[PDB]
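Heads up, what comes next is one protein chain in two forms, each shown on its own as structure tokens, labelled structure 1 and structure 2.
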Structure 1
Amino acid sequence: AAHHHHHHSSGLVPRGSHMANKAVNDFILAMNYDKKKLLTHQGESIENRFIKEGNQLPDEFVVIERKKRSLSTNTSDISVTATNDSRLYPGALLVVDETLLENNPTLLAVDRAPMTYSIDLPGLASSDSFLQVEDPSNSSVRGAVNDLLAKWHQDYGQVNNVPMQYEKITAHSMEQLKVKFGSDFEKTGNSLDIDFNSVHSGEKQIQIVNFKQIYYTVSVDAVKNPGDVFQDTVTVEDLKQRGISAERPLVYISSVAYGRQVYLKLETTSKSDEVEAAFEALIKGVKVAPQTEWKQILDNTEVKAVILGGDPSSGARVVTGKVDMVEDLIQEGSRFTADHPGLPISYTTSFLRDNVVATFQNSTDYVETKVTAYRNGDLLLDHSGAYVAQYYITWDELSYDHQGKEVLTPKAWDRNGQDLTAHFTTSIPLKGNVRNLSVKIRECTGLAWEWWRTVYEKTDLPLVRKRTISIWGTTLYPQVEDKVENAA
């Protein structure tokens, strides 16, 4: 007796019956899977073997120290890069597999039961926040939301000045960026034209800034029973036909954030350690003095950006140029108006089975490259004395061997020890290479009991941009000037 109740004598479960929805509900509840393992991905996992490198650039000598780092993110927020993604609407059903991890999700588009949404809008009434969509799709949900928006803007609603939020990192690897911003980021990074090669060779430094402006978010309350999102026309076999199982379970978009997003690239050829500070000052719109080190950095900074939402169409703009246009990028989407509903920039998913928020674990190993720059310099000599003079100029040229060991190669001015006469001038180019610079200058007095007189003798001379050593005067009273020009 107990076997037959709530069942058809045919033994079949009729399509469009309450029995069908019940079977679907039990079918999803019966699923046993590991939530974390299904949403976990590993990046590269590099090994810690690195040697110190030295390289000569046209204007400077760089010392590069490579190091393996680890970046691991564990978030439920999924960044949106697609423009008009029909799949990414509130309450949409997504399949849990590789495609969900890659942010190119598989939409489960079956007959949907009505769903109730709430929207958090600054200056929106309590019970006017709810929306009842009878047949959830991208269109029906988008329409219901925009209808509420249009009403909310035309009725009243202050032009809410939207807060700007941003997170930033120093670029190193494309994989590392993907862990930080999402695995769909590769499209954006290619638009930003990030020069990873020049970073690794220490020729330039990159910082990536992600701006977010959330106008509003649409949310879905917890689903009581897994089968409550399906119409009775949906059967268990229908789900299996589309490959739904405990191994490929279901998830629903529990909320979507709407507004404007900006991925910013700050590309500087500087090797300074004040780069992060200079970039920050730029973002804050802080005035920069011309003779500062920051101004040197910012003048040599190329800026590219991808705009998602705000201003014109929904389409993504790829603006390019100098530092001057960063300020307007930030101010552009400051106000949320009737002109633009705003578009999805972020969404979150919850498992259909138990409404637990789906959290994605991503990690990767990357090489953190440090670069230390030593500027080239020139050593200038001027001989305007009434005497024969000799120079003894000597230095070491620094290099690094294939084992990263430090190497000092002795060097000497080819005209050392030679008798030089006024008016003699010369310029000796010295690379950042140079350590332990020593200059000795002596003069022939003509006196039999003391033929030579030292006019100048310094060791460990700093490699400034321009050092001019000028000698003049007489055999008995020689004069010397050690003039340094190293101002920025």
Structure 2
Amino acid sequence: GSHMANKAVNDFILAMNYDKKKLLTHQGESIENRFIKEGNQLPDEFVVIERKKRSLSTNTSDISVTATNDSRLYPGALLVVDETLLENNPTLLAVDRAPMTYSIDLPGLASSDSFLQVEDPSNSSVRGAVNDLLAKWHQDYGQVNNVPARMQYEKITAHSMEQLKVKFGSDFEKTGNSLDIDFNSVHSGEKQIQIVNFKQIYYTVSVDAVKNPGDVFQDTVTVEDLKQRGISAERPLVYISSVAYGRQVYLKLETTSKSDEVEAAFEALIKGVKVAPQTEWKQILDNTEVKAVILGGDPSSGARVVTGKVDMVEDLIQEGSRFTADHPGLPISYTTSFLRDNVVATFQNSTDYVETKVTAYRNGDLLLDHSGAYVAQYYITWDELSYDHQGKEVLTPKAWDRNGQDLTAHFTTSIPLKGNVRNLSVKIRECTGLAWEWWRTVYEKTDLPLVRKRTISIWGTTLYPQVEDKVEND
């Protein structure tokens, strides 16, 4: 080989000066500052909506991969540092490449056989070498022993698609396509959506550090071949220094409860909490549907998109949990170091998103039973809560349109009361039929708690009226 060509290439790369942080900075969406407080009425409940500005920013050397069959993502590959790397759509610098040895971490292997030497690094060559050793490890230790996988849990509330790609990588968009996340329904304040990512790592494959940038090419590669491909200081080289292989699950939790503890119940499901027969957690969990994308779940190297109830969550967690080398698994994350100095490439990703949090107030009924031997009058008032879009509480006075009207037994009515009713007050008086005290208050309460039904029953006589206030808050 022509030593002088490999000498020039090597100096060409060591001479590259560039700002690492600017090349790896990815900014998503800028949005004008926001704040809304919107009450919305629904058939059985009144919902208070909040919408604010937040931003998610992550410094990440770990690149997650959705891609089932990408040939560019093998350990030791050379990727170009440009805008397509930021989107996990890397330009592959495919030239004549020097041999490389990898180190693989699997249980109960001699560390000499933890090394795999490849003549010509390519996705075809490394998987071919890794599979050769997985087959031997499987018979001596895989089928023979019980090896757990390394599990990892990341969760986040779904608010925007750009916000999800900051959390889960720019490639998340494809996986998001399948999960049929609908943010319109989240912004409408009606639904709450969590996204869960599950990794089960079977093994990692890594390369030693590179002592000279020229060490990765054969002597045939020339500086002009690199310049021919647009390689320069503005557009420099990086190499994949480790790849995690295994199985992973992207999972959507979609529900219509607006409860405080939707997050707590969702957390409880992920932790494996044996949730209790009539919590509110179980009420919302039995109104939650689950969509899941599964990568590398079975001997078939492919992607499964499934729909089901939350009972499906325990079973998806568990099938990949144990690693025999029956299945090689697929690349689930990888790391890149600069060729020039082996510094790890760390991406600074950020975006603005509209955060929508939500409150619910259930609607109530007020039942009135008048079976008394007297004319009775009801005085029922309340306030209905609304928000000026500045954002403060506004109370508007309301009254029952039958207030002050003489009522006789047997009277029965039901007054529906929306979830925005505040300060319910109720006064019942009855005619005694004699001067000096003609009306006699039978019942008077202020600021009654908004409750699902309330039954106020009056009976008895003009001189001896009785009252019953019955409540059943569920």
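The term rigid core refers to the most C-alpha atoms you can superpose between the two forms while keeping them within 1.5 Å. All residue numbers here follow the sequence of structure 1, with the first residue given the number 1.
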Review point. Which one of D328, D414, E134, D155 is the only residue whose C-alpha moves by 2 Å or more between the two structures, after superposing on the core?
Key: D155
Practice item. Indicate whether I428 shows a C-alpha shift of 2 Å or more between the two structures, with the rigid core used for the fit. Key: no
Check your understanding: Taking the rigid core as reference, does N48 move its C-alpha 2 Å or further between the two structures?
Key -> yes
Check your understanding: Would you say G404 moves between the two structures, meaning its CA shifts by 2 Å or more once the core is fitted?
Key -> yes
Practice item. Let me know the CA shift of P312 between the two structures in Å, rounded to one decimal, core fitted. Key: 4.4
Practice item. May I ask for the C-alpha shift of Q176 between the two structures, in Å, based on superposition of the rigid core? Key: 1.5
**Study point:** Once the two forms are fitted on their core, CA shift of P290 between the two structures in Å
**Key:** 2.6
